[PDB]
Amino acid sequence: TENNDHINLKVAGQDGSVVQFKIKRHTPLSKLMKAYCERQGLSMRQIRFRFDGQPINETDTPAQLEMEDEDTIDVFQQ
Amino acid sequence: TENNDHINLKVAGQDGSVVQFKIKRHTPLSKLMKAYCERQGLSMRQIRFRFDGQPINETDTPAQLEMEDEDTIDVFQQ
Amino acid sequence: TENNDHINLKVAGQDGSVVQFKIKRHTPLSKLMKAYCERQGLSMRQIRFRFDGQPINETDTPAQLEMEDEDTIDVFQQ
């Protein structure tokens, strides 16, 4: 709802691409990772998502990882 | 041309994704809906586009729907 | 690294889509063109990339083409 804290996030690939997401602060990042792989034509097993150098787990949320609005998640291809 | 009113629009999926479009104010939204389905790997029959709760028809234009620059179109998956 | 000049670029298709990239100023635009075709579901032979009306070659870089931060590259479908 409009009463949640939504956080804007940028997902930046090593290929230069920057894709935007907006999700609630307590939403598991699996939501974003699955969406990203589906929409950008990538497979989960071939890419790795990291934030401030640490890999992001399925149930990690922006709030849990202490993300702030407009933070960037890095994507590496494997 | 540079003499038209171009409107920036955000298309926000229920999956958290936010995809940007820029089209002239009198352009039918079919342009955006087809482009979105092609580029994001979605099929038209499986997604529904709405603006301020109302479904968007093929020939509806941002001007006709009284959209403003930076408005958001919502996408639901079916 | 953080000591390079990274340039934000927008790639605007004739279909209204606007896709964002961030690459170093001396990086060949082949990086962006390949990424764009892969992610947006397009084939290189079917699209043409231009900047200020001139086609972009594989090894052209934003700096070489005298691009500035937030410039737009145009994409035409063939």
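A note on names: the letters A, B, ... follow the listed sequences, proteins ahead of strands, and every chain is numbered from 1.
- Counted within 6.0 Å of CD on A/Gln46, heavy atoms from surrounding residues, nucleotides or ligands total more than 12; the atom is thus considered enclosed.
- Within the structure, the salt bridge (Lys or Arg N to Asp or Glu O under 4.0 Å) test picks out no pair touching residues 48-61 of chain C (sequence neighbours left out).
- Between A/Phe51 and A/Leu65, the closest heavy-atom pair is CE2-O, 3.7 Å.
- Within the model, atoms CD of A/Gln40 and OG of B/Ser17 stand 9.5 Å from one another, a figure rounded to the nearest 0.5 Å.
- Among all heavy-atom pairs drawn from C/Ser43 and C/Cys37, the shortest one is C-SG, 4.1 Å.
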Counting only pairs under 3.5 Å, give me each side-chain donor-acceptor contact of residues 69-78 of chain B, with atom names and distances, residues two or more places apart or in other chains.
residue, atom, partner, partner atom, Å
B/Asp69, OD1, B/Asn8, N, 2.9
B/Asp69, OD1, B/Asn8, ND2, 3.0
B/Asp71, OD2, B/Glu68, N, 2.8

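- Applying the salt bridge (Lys or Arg N to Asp or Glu O under 4.0 Å) test to every pair with at least one member in residues 26-37 of chain B, sequence neighbours left out, gives these pairs: B/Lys34-B/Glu38.
- Interatomic distance, CD of C/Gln20 versus CD of A/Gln20, reported as 10.5 Å (0.5 Å rounding).
- Atoms CG and CG, from C/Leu29 and C/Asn57 in turn, are 9.5 Å apart once rounded to the nearest 0.5 Å.
- Here the CG atom belonging to A/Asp5 is positioned 11.0 Å from the OG1 atom belonging to A/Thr27, to the nearest 0.5 angstrom.
- The salt bridge (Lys or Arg N to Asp or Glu O under 4.0 Å) search around B/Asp15 returns A/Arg39, not counting sequence neighbours.
- Under the 4.5 Å side-chain criterion, counting only non-hydrogen atoms from C-beta, B/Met67 is in contact with B/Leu9.
- Residues A/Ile7 and A/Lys22 fail the side-chain proximity criterion, which asks for heavy atoms closer than 4.5 Å.
- Between A/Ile56 atom CD1 and A/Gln64 atom CD the span is 11.5 Å, to the nearest 0.5 Å.
- B/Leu42 and A/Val19 fall into different hydrophobic clusters, where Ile, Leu, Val, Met, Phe, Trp and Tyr are joined by side-chain heavy atoms under 4.5 Å apart, directly or via other members.
- Within the 4.5 Å cutoff, side-chain heavy atoms of A/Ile23 are placed close to those of A/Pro62.
- B/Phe21 pairs by the ring-ring contact (aromatic ring centres under 6.0 Å, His included) definition with nothing, not counting sequence neighbours.
- Clustering of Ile, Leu, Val, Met, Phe, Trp and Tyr by side-chain heavy atoms under 4.5 Å joins C/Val18 with none of the others.
- Looking only at side-chain heavy atoms (C-beta outward), C/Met33 and C/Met44 come within less than 4.5 Å of each other.
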